[PDB]
Amino acid sequence: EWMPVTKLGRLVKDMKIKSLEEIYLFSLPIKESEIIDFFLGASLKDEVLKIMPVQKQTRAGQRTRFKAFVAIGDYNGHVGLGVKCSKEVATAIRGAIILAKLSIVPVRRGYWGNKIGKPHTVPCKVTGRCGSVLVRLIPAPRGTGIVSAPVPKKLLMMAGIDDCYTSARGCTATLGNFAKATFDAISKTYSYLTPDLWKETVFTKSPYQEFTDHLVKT
Amino acid sequence: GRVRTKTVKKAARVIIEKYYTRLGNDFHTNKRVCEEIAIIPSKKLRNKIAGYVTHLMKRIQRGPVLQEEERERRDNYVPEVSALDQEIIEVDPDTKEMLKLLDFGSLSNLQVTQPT
Amino acid sequence: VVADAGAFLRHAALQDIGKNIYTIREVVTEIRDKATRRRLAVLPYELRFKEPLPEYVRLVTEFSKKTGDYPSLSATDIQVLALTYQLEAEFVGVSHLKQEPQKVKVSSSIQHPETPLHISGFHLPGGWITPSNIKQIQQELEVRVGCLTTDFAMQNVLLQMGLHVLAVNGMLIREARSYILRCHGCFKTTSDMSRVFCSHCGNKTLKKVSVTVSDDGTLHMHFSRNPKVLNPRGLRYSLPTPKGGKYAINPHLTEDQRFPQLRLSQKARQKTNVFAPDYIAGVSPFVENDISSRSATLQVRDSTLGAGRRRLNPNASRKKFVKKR
Amino acid sequence: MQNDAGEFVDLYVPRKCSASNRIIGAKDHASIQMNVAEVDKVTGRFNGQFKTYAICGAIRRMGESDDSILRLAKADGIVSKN
Amino acid sequence: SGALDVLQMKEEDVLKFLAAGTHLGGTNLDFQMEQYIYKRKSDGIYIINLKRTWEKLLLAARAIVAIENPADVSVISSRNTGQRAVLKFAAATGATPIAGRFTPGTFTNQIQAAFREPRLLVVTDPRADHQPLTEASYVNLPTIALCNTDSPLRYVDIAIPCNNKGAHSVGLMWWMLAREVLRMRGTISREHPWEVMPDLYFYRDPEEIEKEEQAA
RNA sequence: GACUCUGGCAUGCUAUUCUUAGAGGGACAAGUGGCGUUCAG
Ligand SMILES: [Zn+2]
C-alpha cells in the first residue's frame, strides 16, 4: 500500500497526471520512488554496475560496509544512476535502486544522416564532466552499436541509445566519476538547444495550478 | 468495545487549550464551532472530536482535571488615532526634490529641515 | 521626596534629608545588586509605598509624548513621575505646573560631539581629582517635595513640566547638561544613549547632540557644525552572503536579527579583582586564561573587545599578515 | 524532433527562458514559471487572465531574475513607464 | 500599474510612506538595487524612489492575486518587527504564516510534521530569511521579498524597494500589500478607505505594552 | 482484531419523488438510569 506524502504523489496516485514527461515539462522534483514505479513499472530493469566493500572508520574500529553503484534504465527512454553505502549488500543495492529511481532523467535521441524511422543516436556530440573524467558522445551511423567502455555501454544501452561513438579522458579507472560523467553527458543531450527547438514556448498550466481544486480536498 | 484514538486526544486538547470560551455544552454547537476553528480533513474525525470534547466539558465543568485570550487581546490592539496621522512631518530637501519630481509638491504636512 | 532607583543604586542615604518618602515596588524589587538588598533590610523603615492614579499617568504620558521622550520612558518611570505629580498636586496647589512645554531653540557650534568637555579629570590648558573631590564629582550639582532621579529623561520631563527636583546632593538642581542621540534621517530624538539603531526608521544613523535645560523650562540643544560628523566615507562596502548555522556571524544591520548563541565560558570571562582579602594567597597574581574550551578555539570575543576596529572603514588597507576576526 | 515522414519524434518539448532564451532543464529545480494577473482597465479588479513568464535557475542565481521580470512587465504593459 | 488612473499612488499613500520612513533606505547599497534608488544625499542615506516602490508593490499584488488557492501563498518572518504583521496578513488573506523560527527542511524534507508545499513565497527580509530563499531555490518557488538598499537579490523575482528595518515601515508595507490584494480580488471597494488601519500591523515591544496598558 | 475503507435514510445539489452516478448531509457513545478509585470503563 502506497500512502503519498507530496501533492505530486497525490496527483500521480490518482489519474490527474497521465505521463512522466509532464513532470519533466515543469522540472518538478520527484521526491518519491512510487511515482516512477507507477509510471514506468515493469519496463524498468536494473543493472548493478559495481559493489565495493569499504572499511568504515569508527573509534570502535574498522567495520565493513558495502557501496552499490546501480544504473537503472527504461529502454528507449530513461536512465537513472544511484550510489548507496550501507551495512548489508542487499540493503545497499535497494537503496541505490531507490536513489537511481529518484534521478530518472529523459534522453533526447536524434538521427545521424537523414531522418527515416525512429531516432537511434545522440542528436549532437555532447560532453559530461565529473572529477577530471570527460565523456564525449558523438552521433554514429545506424547499426554501429555503442562503441565505448563497458560502464558507459551499460548506461547507453539502458538509455535506448542504439549507437554512439564515445571518447573518454582522465582517470577512467574509478567507476563513480566515470558513470556520473556519462550520466551528465546524457542529461546534456536533452539540455542542449538545437534549431528544431526554436519556437516560442506556449505555457501549459502547472500541475499544481491546474488541479488545485482537487488538492483543496486533500 | 470502543476506545478513543490518540489523534482525537491531542486535537481535543488543542481545542480545549485554545478556544474553550466559545465552546459550550450542546453537541451540535460544539461541532459547528469545531468545524469553524481548525484545519479539518474528515467528517468522522470531526464527530469524534465533538463527542469527546462535549464529554470532557461535562467533566471539567464539575471540577478541574486565560493567557492566550489576553495575548490575542494584546495582538488585535487598535489605537483611537493612527500614529501615521501626524500633523507636521519632517522632510529632507532631497526628499522634497524627489517629491517635486514625482509631482507631489503641493503637500501641507511637510516641514523642510536643513542639515545644521 | 520621591526616590528613584538611581539613588538606591548609588547608596544615597538621604532618608534624614526628607520626610515625605514615597517609592514604587517595581523601582526597588528589580535590582539585582546584592549590596542593595543587603542594606535594604538594614536601613530604617520610614519609606512607604504609594500607587498613582490612572488619570495622572495618562496626563503624564500625554505631555511626555509631546516632549518627544515617550519611547525613552519606561512604565515604572511613568509610575515615579505621576506619583510625584499626584503628591505635589495633593499637597501643593496645582497652579505651579505648566503643560504643553516650550519649543526648542537651535544654536550650533564648531566643536565636535566627541570633544571631552565636562569630564572631571580632563583639563584643556586647574582641574585636579582630589580625595576631597571624589565625593564631590557626581553631576552638575547646584523645598519639601522632589525627586532622586539619575536619568536625564526623568529630569528633562520633570523640569519641562515644572517640578523642582534634586540629586544625591541635598540642594535642588538648577541646570541639566547631557547628550542625546538624534536620527539624521528621520529627525527623531532618543534619550537612551546606549542604543545604536533608531526606533523610528531603524537605520544605523543616531548621532550625538548636546542638550541643556534651564530651571525655567527652556531647553536648547547644540548641533555640531563640522563636516567630519556627517561624512559618507566608510558606509558603502560590499557585503557577504548571509550565512546560517551555529557559527555564522552577521554584519549586524538591524537591531533585532537573530544571532546564533556564541557565549564565553566562565573561566574566559573572569577578571582579576585585586583588593579581595584573599588575593595575596593566590599562587599566580592573575586569573588564568582559558584555552581549553571550545569557545577559545572558535575565537569568541566579548562585545567590548574590538571597538576601534569596527570604526575603521572596510574600504581601506590593513596590515598584510593581520586578519580582522 | 520531426522526421521526414512528419511525426514529432520527441518525448516532450522543453520550456525556454523568457529572458535569455535558454532551455529549462528537466532537473533545473531553481527554474520558475510565474503568473502575473491582468486587471480590468476601468475598475482595476482581477479579470481572470494572466501573463506567464519562465526564468531559468541560472538567472535566479545571478540575481537578475528581478530585472528580467520587471523588463518583461514593462514590455507587456503590466508596469508603466518610469 | 499599467498606466491606469485608478491604480496610481494617491496623496494619502504618499503621506503614509513619508510618515513611516519607507523613502529612507539603508546606508550601504547593493549594485542590483541601484535601479530603485533616487539619489545619494550628502550624509550617506540612500533615498528610495516611492513610485518604483508602488509599481513593485502592484506587481507583487498581481502575482499574489494570480495564485488561485489563497493557502498556497506562504508568508514568513524571522525577526520581530514583521511577526505580528505577517499574522495579520493571514487574517487579511488566508495565506499560510510562519512566524518565528523557520525550521530547515520545511520545503525539502518530505517526512516532517511541518512539511508544506506552497506555490508562491513572500519574504519580509532577504537578509534575515535566507534559509527559505535556499529552500525556494530547491523546490521551484517564486519569491516576493521586501528588499532594502543593502539586500542581496539572489533567488528573488519581485523585489519591493522599501525600508524594512523599522517596525512602522514593515507594518505599513504589509498593510498596503494586504489592502491592494483585497482590492485587486474585489472584496473591498477601491473608493472607500479600508476600515483596518495600518497600526494593527505594528510590533508591540512589551515595554511599550506595559506603557500602553498603564495609560488605560 | 482497540489496523484501513465502508452500508441502511435522503422526496436535498448535479445530467432526478420510482432506475442511475459524482458530490454534499446524517452517527459521534450523542442523550437517559444504574455499577464504578467518582476517573478510565
Ligand atoms: Zn531614523
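Residues numbered from 1 in each chain as written, not as in the entry; some residues may be left out. Chains lettered and ligands numbered in written order. Part of a larger assembly, values for the part shown. Heavy atoms only, no water. Residues with missing side-chain atoms left out of burial classes, pairs and counts.

- In the PDB header, cryo-EM is given as the technique by which the entry was determined, and 3.3 Å as its resolution.

### What to know about the overall build of chain C
Now for step 1: Regarding its fold elements, chain C presents 7 helices and 7 strands.
Now for step 2: The order of α-helices and β-strands along chain C, N terminus first, is α-β-α-β-α-α-β-α-β-β-β-β-α-α.
Now for step 3: Counting only C-alpha atoms and orienting by the principal axes, one finds that chain C spans roughly 70 × 55 × 50 Å. (Helix = DSSP H or I, 4+ residues; strand = E, 2+ residues; numbered from the N terminus.)

### Topic: the nonpolar core
Side chains of a nonpolar character, in soluble globular proteins, are inclined to be buried together.
Now for step 1: By size, the foremost hydrophobic cluster in this structure holds 99 residues, and its most contacted members are E:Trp174, E:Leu177 and E:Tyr201.
Now for step 2: By residue number, the principal contributor to this core is helix α5 (residues 167–185) of chain E, which donates 11 residues. (Core = buried A, V, L, I, M, F, W, Y, C linked by side-chain atoms within 4.5 Å. Buried < 20%, exposed > 50% of the residue type's maximum accessible area, 1.4 Å probe, protein only.)

### Examining the UniProt feature "zinc finger region: NOB1" in chain C
Now for step 1: When the UniProt feature table is mapped onto this chain numbering, "zinc finger region: NOB1" sits at residues 173–245 of chain C.
Now for step 2: The distance from the first to the last C-alpha atom of residues 173–245 of chain C is 53 Å, and the span holds 0% helix and 30% strand. (UniProt positions renumbered as here; feature names shortened; annotations may be inferred.)

### Notes on the protein's contact with RNA strand F
Residues and elements named next belong to chain B.
Now for step 1: By nearness alone, 14 residues border RNA strand F, and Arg2, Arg4, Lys31, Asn47 and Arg59 come closest of all.
Now for step 2: Contacts to RNA strand F include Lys43, whose side-chain N or O atom sits 3.3 Å from a base oxygen.
Now for step 3: Within the backbone of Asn47, a nitrogen or oxygen atom sits 2.9 Å from a sugar or linking oxygen of RNA strand F.
Now for step 4: Elements with a minimum of two residues in the surface near RNA strand F: α2 (27–37) and α3 (43–60).
Now for step 5: For the surface near RNA strand F, the leading source of residues is α3, giving 8 residues. (Near = heavy atom within 4 Å. Polar contact = N/O pair within 3.5 Å; in protein donor to acceptor, adjacent residues only side chain to side chain.)

### A short note on the sheet that holds strand β7 (residues 158–161) of chain E
All names here are of chain E.
Now for step 1: A sheet is described by the order of its strands in space; here 5 strands give the open sequence β4-β3-β5-β6-β7, paired in parallel fashion. Edge positions in the open sheet fall to β4 (96–99) and β7, since each of these has one partner strand only. Going across the sheet, the axis of each strand differs from the next one's by a mean of 15°, ignoring polarity.
Now for step 2: Of the strands in this sheet, β3 (73–77), β5 (120–123), β6 (143–147) and β7 are in contact with helix α2 (residues 50–65), which crosses β7 at around 140°.
Now for step 3: Contacting β3 and β4, helix α3 (residues 80–93) crosses the sheet at an angle of about 160° to β3. (Pairing = 2+ DSSP bridges. Axes fitted to C-alpha atoms, helices over the stretch in contact; angles between N-to-C directions. Contact = heavy atoms within 4.5 Å.)

### Some words on the coordination of the zinc ion
All names here are of chain C.
Now for step 1: The zinc ion binds to the protein through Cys183 (SG), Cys186 (SG), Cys198 (SG) and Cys201 (SG), with metal-donor distances spanning 2.3 to 2.6 Å.
Now for step 2: One can describe the donor arrangement at the zinc ion as irregular, given that its 4 donor atoms subtend angles of 75 to 127° at the metal.
Now for step 3: Read N to C, the donor residues that coordinate the zinc ion are spaced as C-x2-C-x11-C-x2-C. Pair noted here: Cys183 is in strand β4 (residues 176–183) and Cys201 is in the loop between β5 (189–190) and β6 (206–213), with a separation of 18 residues, a long-range link. (Donors = N, O, S within 2.8 Å, 3.2 Å for Na, K, Ca; no water. Tetrahedral: all angles 85-135°; square planar, octahedral: opposite > 155°, others 65-115°.)

### Comments concerning the sheet that holds strand β2 (residues 61–74) of chain A
All names here are of chain A.
Now for step 1: Read across the open sheet, the 4 strands follow the order β1-β2-β3-β4; overall the sheet is antiparallel. In this open sheet, the two strands that pair with only one neighbour each are β1 (44–58) and β4 (105–106).
Now for step 2: Note that β2 and strand β3 (residues 78–86) share 9 bridges and pair antiparallel. Note on β3: the bridge partner recorded for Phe66 is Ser86.
Now for step 3: Of the strands in this sheet, β1, β2 and β3 touch helix α5 (residues 150–158), which is tilted by about 140° from β1.
Now for step 4: Across the face of the sheet, helix α6 (residues 175–191) comes into contact with β1, β2, β3 and β4 while running at roughly 150° to β3.

### Thoughts on a negative patch on the surface
Now for step 1: On the surface, C:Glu142, C:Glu175, C:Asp215 and C:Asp216 cluster together to form a negatively charged patch.
Now for step 2: Tracing the sequence through the fold places C:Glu142 in the loop between β3 (105–106) and α5 (152–161). (Patch = residues over 30% accessible without salt bridge, like charges linked within 9 Å, V, L, I, M, F, W, Y side chains within 5 Å. Areas by Shrake-Rupley, 256 points an atom, 1.4 Å probe, with all protein chains shown as cover. Salt bridge = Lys/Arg side-chain N within 4 Å of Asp/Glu carboxyl O. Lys, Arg positive; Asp, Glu negative; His and termini not counted. Charge placed at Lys NZ, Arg CZ, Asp CG, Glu CD.)

### Let's talk about the packing of α2(B) against α3(B)
The geometry of a pair of packed helices is captured by two quantities: the angle between their axes and the separation between those axes.
Residue and element names in this part refer to chain B.
Now for step 1: Relative to each other, α2 and α3 sit at 125°, their axes nearing to 9 Å. As far as their axial angle goes, α3 and α2 are oblique. Crossing hand, α2 versus α3: right-handed. The segment α2 lies against α3, with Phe27, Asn30, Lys31, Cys34 and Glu35 engaging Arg46, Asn47, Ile49, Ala50, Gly51, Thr54 and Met57.
Now for step 2: Of the residues that constitute the contact of α2 with α3, the class distribution is 5 nonpolar, 4 polar and 3 charged. (Parallel < 35°, antiparallel > 145°, perpendicular 65-115°, else oblique. Left-handed = near helix turned anticlockwise from the far one by under 90°. Nonpolar A, V, L, I, M, F, W, Y, C, P; charged D, E, K, R; others polar.)

### With respect to the arrangement of the chains
Now for step 1: Counting contacts across all 6 pairs of chains that touch, the top pair turns out to be chains D and E.
Now for step 2: The closest approach of any C-alpha atom in chain A to one in chain C is 21 Å; the two make no contact.

### Notes on the packing of aromatic side chains
Now for step 1: Scanning all chains against the criterion turns up 7 aromatic pairs over all chains.
Now for step 2: Look at A:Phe38 and A:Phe39: their rings are 6.1 Å apart centre to centre, the planes differ by 85°, and that puts the pair in the edge-to-face class.
Now for step 3: Given a relative accessible area of 41%, A:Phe38 falls into the partly exposed group.
Now for step 4: A:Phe39 gets classed as buried once you look at its relative accessible area, which sits at 19%.
Now for step 5: Residues E:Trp175 and E:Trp194 carry aromatic rings whose centres are separated by 6.0 Å and whose planes lie at 25° to one another, so their mutual orientation is stacked. One end of the pair, E:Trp175, is in helix α5; the other, E:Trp194, is in the loop between α5 and α6 (206–214), and 19 residues separate them in sequence.
Now for step 6: We classify E:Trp175 as buried; its relative accessible area is 3%.
Now for step 7: Residue classification places E:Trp194 among the buried positions, given a relative accessible area of 13%. (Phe/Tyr/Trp six-rings, centres within 6.5 Å; stacked < 30°, edge-to-face > 60°.)

### Concerning the interface of chain B and chain C
Now for step 1: Between chain B and chain C, the residue contacts involve 4 residues of the former and 9 residues of the latter.
Now for step 2: Here chain B packs against chain C, burying approximately 500 Å² in sum over the two surfaces, 63% of which is carbon and sulfur.
Now for step 3: Here chain B is connected to chain C by 0 salt bridges.
Now for step 4: Between the two partners, chain B and chain C, sit 0 residue pairs in polar contact.
Now for step 5: For the side of chain B that touches chain C, the residue count by class is no nonpolar, 2 polar and 2 charged. (Buried area = accessible area lost by both parts, 1.4 Å probe.)

### A closer look at the state of the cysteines
Now for step 1: Taken as a whole and assessed by the stated rule, the structure comprises 0 disulfides over all chains.
Now for step 2: No disulfide involves D:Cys56; its sulfur sits 4.1 Å from that of D:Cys17, the nearest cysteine.
Now for step 3: Note on D:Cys56: relative accessible area 3%, which makes it buried.
Now for step 4: The thiol of E:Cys162 is unpaired, and the distance to the nearest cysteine sulfur, on E:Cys147, comes to 7.8 Å. (Disulfide = S-S within 2.5 Å.)

### A closer look at the pattern of salt bridges
Now for step 1: Under the counting rule described, the total for this entry stands at 25 salt bridges over all chains.
Now for step 2: For B:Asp75, the salt bridge identified is with E:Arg84, shortest N-O distance 3.4 Å. Here E:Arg84 lies in helix α3 and B:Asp75 lies in helix α4 (residues 67–75), a pairing that spans two chains.
Now for step 3: Judged by relative accessible area, E:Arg84 falls into the buried class, the value being 6%.
Now for step 4: Across the salt bridge formed by E:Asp72 and E:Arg119, the nearest N and O atoms sit 3.6 Å from each other.

### Topic: unusual backbone geometry
Apart from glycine, the bulk of residues carry a negative phi angle, and the bulk of peptide bonds sit in the trans form.
Now for step 1: At C:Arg325, a residue that is not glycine, the phi angle is positive and equals roughly 55°.
Now for step 2: Here C:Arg325 shows up in the segment after α7 (308–311).
Now for step 3: Unusually for a residue other than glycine, D:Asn82 sits at a positive phi of about 55°.
Now for step 4: Residue position: D:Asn82 is located in the segment after α2 (65–75).

### Focus: the pairing of β3(A)
All names here are of chain A.
Now for step 1: In this antiparallel pair of consecutive strands, β2 and β3, the connection spans 3 residues, and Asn76 shows a positive phi of 30°.
Now for step 2: Judged from the 2 bridges that link them, β3 and β4 form a sheet pairing that is antiparallel. Bridging across to β4, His78 finds its partner in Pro106.

### Quick look at the interface of chain E and chain D
Now for step 1: Counting residues at the interface gives 39 residues for chain E and 35 residues for chain D.
Now for step 2: Together chain E and chain D conceal approximately 2,900 Å² of surface at their shared face, both sides included; 53% is due to carbon and sulfur atoms.
Now for step 3: Ranking the residues of chain E by area buried against chain D places E:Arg62, E:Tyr155 and E:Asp157 at the top, with a combined share of 21%.
Now for step 4: Run the count over chain E and chain D and you get 2 salt bridges.
Now for step 5: Among the salt bridges present, the one from E:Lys56 reaches D:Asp66, with a minimum N-O distance of 2.8 Å.

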